[PDB]
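# Observations on chain architecture
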There are 2 protein chains.
Amino acid sequence: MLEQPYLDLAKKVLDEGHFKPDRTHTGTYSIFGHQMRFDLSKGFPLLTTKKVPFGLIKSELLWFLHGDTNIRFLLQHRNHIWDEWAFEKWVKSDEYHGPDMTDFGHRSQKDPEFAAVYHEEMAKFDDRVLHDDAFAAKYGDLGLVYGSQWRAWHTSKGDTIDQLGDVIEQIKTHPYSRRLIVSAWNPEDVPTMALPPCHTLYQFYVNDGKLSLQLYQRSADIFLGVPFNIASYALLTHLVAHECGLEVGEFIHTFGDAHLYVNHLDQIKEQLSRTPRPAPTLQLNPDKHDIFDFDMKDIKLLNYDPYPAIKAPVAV
Amino acid sequence: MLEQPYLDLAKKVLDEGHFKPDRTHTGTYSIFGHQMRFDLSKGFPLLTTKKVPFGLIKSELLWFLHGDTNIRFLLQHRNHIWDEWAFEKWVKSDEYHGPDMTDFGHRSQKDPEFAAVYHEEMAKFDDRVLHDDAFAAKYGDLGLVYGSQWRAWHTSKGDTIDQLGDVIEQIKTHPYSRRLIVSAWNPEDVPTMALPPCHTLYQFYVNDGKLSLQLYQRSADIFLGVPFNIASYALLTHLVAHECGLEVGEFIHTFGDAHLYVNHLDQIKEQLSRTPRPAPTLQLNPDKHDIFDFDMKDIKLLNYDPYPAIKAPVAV
Ligand SMILES: Nc1ccn([C@H]2C[C@H](O)[C@@H](COP(=O)(O)O)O2)c(=O)n1
Ligand SMILES: Nc1ccn([C@H]2C[C@H](O)[C@@H](COP(=O)(O)O)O2)c(=O)n1
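Residues numbered from 1 in each chain as written, not as in the entry; some residues may be left out. Chains lettered and ligands numbered in written order. Heavy atoms only, no water.

### Comments concerning the overall build of chain A
The cut-off we apply is this: Helical segments are the DSSP runs of H or I of at least four residues, strand segments are the runs of E of at least two, and each set is numbered from the N terminus. Every radius of gyration here is taken over C-alpha atoms, with the globule rule written as 2.2 Å times N^0.38, N being the number of residues. Exposed residues in this analysis have more than 50% of their type's maximum accessible area, buried residues have under 20%, and partly exposed residues fall in between, with area computed by a 1.4 Å probe over protein chains only. Whether two residues are in contact is decided by their heavy atoms, any of which lying within 4.5 Å being enough. Only the protein chains shown count as cover for residues, with accessible areas throughout obtained via the Shrake-Rupley method and a probe of 1.4 Å. Charge convention: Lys and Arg are scored as positive, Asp and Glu as negative, and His as well as the terminal groups of each chain are ignored. For charged residues, the charge sits on one atom: NZ in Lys, CZ in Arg, CG in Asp, CD in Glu.
Within chain A, the regular secondary structure consists of eleven helices and ten strands. The C-alpha atoms of chain A give a radius of gyration of 20 Å, which matches the 20 Å a tight globule of 316 residues would have. Referenced to the eigenvectors of the C-alpha coordinate spread, the extents of chain A come out at roughly 60 × 50 × 35 Å. Split into buried and exposed, the 316 residues of chain A put 56% on the buried side. Put simply, 69% of the contacts in chain A that link residues at least 6 apart link residues at least 24 apart. For chain A, the exposed area adds up to about 13,200 Å²; of that, 52% sits on carbon and sulfur atoms. Charge-centre separation for chain A: the mean point of 32 positive side chains lies 4 Å from the mean point of 44 negative side chains.

### Re the relation of the copies chain A and chain B
Selection criterion: To overlay the copies, their C-alpha atoms are matched by a least-squares fit.
Between chain A and chain B, which share one sequence, the superposing operator has a rotation angle of 180° and an axial displacement of 0.0 Å; the RMSD is 0.0 Å. Here the two chains are linked by the operation of a two-fold rotation axis. Scanning chain A for the C-alpha nearest the rotation axis identifies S156 of chain A, at a separation of 1.6 Å. An overlap of 100% is found between the interface residues of chain A and their copies at the interface of chain B, pointing to a shared contact surface.

### Focus on the site of ligand 1
This is how it is decided: One heavy atom within 4 Å of a molecule or strand makes the whole residue count as near it. In the analysis that follows, any N or O atom pair within 3.5 Å is treated as a polar contact, provided that within protein one partner can donate a hydrogen and the other can accept it, and provided that, for residues neighboring in sequence, both atoms belong to side chains.
Around ligand 1, the surrounding shell holds 14 residues, and the nearest of these are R23, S219 and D221 of chain A together with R178 and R179 of chain B. More than one chain lines the surroundings of ligand 1; the residues nearby belong to chains A and B. One of the side-chain nitrogen or oxygen atoms of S219 of chain A is found 3.0 Å away from an oxygen atom of ligand 1. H259 of chain A places a side-chain nitrogen or oxygen 3.1 Å from an oxygen atom of ligand 1. In isolation ligand 1 has 460 Å² of accessible area, and contact with the protein removes 80% of it. When residues of the shell around ligand 1 are traced back to their parent elements, those giving at least two are β7 (210–221) and β8 (247–261) of chain A.

### Looking at the packing of helix α2 (residues 54–65) of chain A against helix α10 (residues 226–243) of chain A
All names here are of chain A. Just so we agree on the cut-off: Helix axes use the C-alpha atoms of the stretch in contact, all axes being lines fitted to C-alpha atoms, and the angles between their N-to-C directions lie in the range 0 to 180 degrees. For classification purposes, an angle smaller than 35 degrees is called roughly parallel, one larger than 145 roughly antiparallel, one from 65 to 115 roughly perpendicular, and anything else oblique. Left-handed describes a crossing whose near helix is turned anticlockwise from the far helix through less than a right angle; right-handed describes the clockwise counterpart. Under this grouping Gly is polar, as are all residues other than the nonpolar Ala, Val, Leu, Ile, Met, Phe, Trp, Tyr, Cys and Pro and the charged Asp, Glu, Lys and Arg.
α10 packs onto α2 with a crossing angle of 55° between their chain directions and a minimal axis gap of 10 Å. Between α2 and α10, the crossing angle belongs to the class labelled oblique. The two elements α2 and α10 meet at a crossing, and its hand is right-handed. Residues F54, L56, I57, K58, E60, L61 and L65 of α2 touch α10, and the partners they reach there are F228, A231, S232, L235, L236 and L239. Taken together, the residues of the contact of α2 with α10 sort by class into ten nonpolar, one polar and two charged.

### Side note on the UniProt feature "active site" in chain A
Residues and elements named next belong to chain A. We count it as follows: UniProt positions are given in the numbering used here, feature names are shortened, and annotations may be inferred rather than shown by experiment.
Under the UniProt annotation, "active site" lies at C198. With respect to the secondary-structure elements, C198 resides in the loop between β5 (181–183) and β6 (199–207). For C198, the residues in contact, after removing those within four places along its chain, are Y146, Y216, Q217, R218 and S219.

### Focus on unusual backbone geometry
Residue and element names in this part refer to chain B. Phi is positive for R78, which is not a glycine, with a value near 60°. By relative accessible area, which is 70% here, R78 ends up exposed. Unusually for a residue other than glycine, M101 sits at a positive phi of about 50°. Position of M101 among the secondary structure elements: in the loop between α4 (83–92) and α5 (104–109). According to the relative accessible area criterion, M101 is buried, its value standing at 0%.

### Observations concerning the UniProt feature "binding site: (6R)-5,10-methylene-5,6,7,8-tetrahydrofolate" in chain A
Residues and elements named next belong to chain A. Per the UniProt entry, the sites bearing "binding site: (6R)-5,10-methylene-5,6,7,8-tetrahydrofolate" are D221 and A315 in this numbering. Taking the farthest pair of C-alpha atoms as the criterion, the annotated set spanning 95 residues converges on one region, since that pair is 9.3 Å apart. Positionally, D221 belongs in strand β7. Owing to a relative accessible area of 18%, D221 belongs among the buried residues under this scheme. Non-local contacts of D221, meaning those with residues more than four positions away in its chain, are made with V226, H259, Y261 and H264. As for its placement among the helices and strands, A315 is situated in the segment after β10 (299–302).

### Overview of the site of ligand 2
The full set close to ligand 2 counts 14 residues, and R178 and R179 of chain A together with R23, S219 and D221 of chain B are the nearest of them. Per-site note: the chains with residues close to ligand 2 are chains A and B. Compared with its free state, where it exposes 460 Å², ligand 2 has 81% of that area covered by protein. Mapped onto the shell around ligand 2, the elements with two or more residues apiece are β7 (210–221) and β8 (247–261) of chain B. The leading source of residues in the shell around ligand 2 is β7 of chain B, at five residues. Within the shell around ligand 2, the residues separate by chemical class into four nonpolar, five polar and five charged.

### Comments concerning the packing of aromatic side chains
Aromatic rings considered in pairs are described by the distance between their centres and by the relative angle of their planes. Our working definition: The aromatic pairing rule takes the rings of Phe, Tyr and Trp, using the six-membered ring of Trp, and pairs them if the centres are within 6.5 Å, calling planes under 30 degrees apart stacked, those over 60 edge-to-face and the rest tilted.
One pass over the full model with this rule turns up 47 aromatic pairs over all chains. Ring centres 4.6 Å apart and planes at 15° place the aromatic pair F32 of chain A and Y205 of chain B in the stacked group. Here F32 of chain A is found in strand β2 (residues 28–39), whereas its partner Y205 of chain B is found in strand β6 (residues 199–207) on a different chain. For the pair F32 of chain A and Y205 of chain B, a shared accessibility class is recorded, and that class is buried.

The structure is reproduced here in structure tokens:
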């Protein structure tokens, strides 16, 4: 079945995943070096073995393409994936004047009442980002996140480079180019930023009139992250294909450190006892073509009949 | 056998390699997305099915580690791999006053007498690089080549960053880090340089006290290039392992566009009918440890009993 590579990867780190300790103090089972191939012509690879929220993926991806670095847009679409970082920033800001909030991720998970103070303080912040233009510009701006990295790579000579916009014109004019690469890995910022990008670099390849994309992902959360990671780059693949009047080949996913947090073994095992279903079918708006000006309504998912979602603790 | 992954990759692009046209006007058979795993504990992966020159690899690698960008060092060790680029540069230089020399790669290959003028003019240049300090500094300096990219990545604030030197200290202090990445892909220079790096980015991974490395290679010459490409990164892997008092795991080779030039089909087919042999054993100098100060004599290859070399035309 289409998602089988995913189930086969989860399966394997259960068999050969040696125990690896890590940054987030929650143990992991790890493997290094892996590759998955998805034929995007068989269907859209949104896992059917567990409900995964397309909405979060769609808004987030668009956010990237727009060249956005501001949380505001996401909240504006009920997307709270990136909040934690914009919050962490304001909480350190001297202007912040409230409860201790230190290590809030760890502390909330281990304290029912602290998690209460946290969520109230957060809702506050998110509203302030949404309403205070100045506040937004100050704390709603992540800065060095994919959208900037893809669409505005700052040079040494001050100027900015729209990698992704140049790679698409390079594909329109030189499909057969072996240098259709886009990178999110800047040696200059990498040691200072909080979360160096997970999806280090991706590459395009056009042959037979079909476009495929390879993604290099240095680190990976098998249960909570890969399911999304997949549909984010498989969606990008159609989006570029649509823009370039091209077909759709494969989404090839290469991993560096693929891992399974110890606190997710029972969850992965249950999902593993599930039996896949036919894949959902992606439908992009025919008329509209320049993908950067796309909005939620232009990408339509069909026939997604998932299994019930599976809840699990995060690693922090 | 150890090199079997290599023979299995060459084999496959013969079966499924669709025809892809390219920059070097010589047709290719191509595949996109592939991965090979080599257990460096079984032996050093220098192909036994065809003599490959370790000397060229060893000098070149050291050249990289030294942070060198100057051709002089290589010539000084009879290594002429990079000449063509330093030559191309001088030939365009107004100071150059000799024969037409345009498209010399194509023109020499297709003209016995032109190739004569070329080789005489080249020997000249190489000597001038070796003897004229000023000439060397001016034309013997490639500038943006791995050695600089690895060991001196220019920032926007002028300063330089020794990625590789920082990654090794990061491994000495944080083996279990999922961010031990080194990149040669700079979005800022990439569109101007002649040959954007082939070996885009590599990553380290330490587990069980064994160090492994994954390399992402966007483009690849299966017959003439991969054989080298392999021993260059498998050697780097021991070199870092030695420096860090670590063991040796696997060398994982992930490819983007792997290809076989049409003008090499008979050559690859003959090699394919060869039967591998036990692998050569790499012996690094026990006393010496800081790999950056290494010299040819510190790395010793053993038991390399190759088949006769196989000559073939290059692609230009
Ligand atoms: N969509 C996501 C979000 C996060 N991660 C995870 C993987 C690691 O758990 C951490 C990234 O690695 P590091 O901790 O070294 O920064 O983030 C992931 O794979 N996919
Ligand atoms: N050691 C080497 C030297 C060269 N190449 C080849 C692969 C391609 O033929 C070209 C690089 O890609 P591009 O032409 O897109 O720059 O150089 C390679 O694989 N290995």
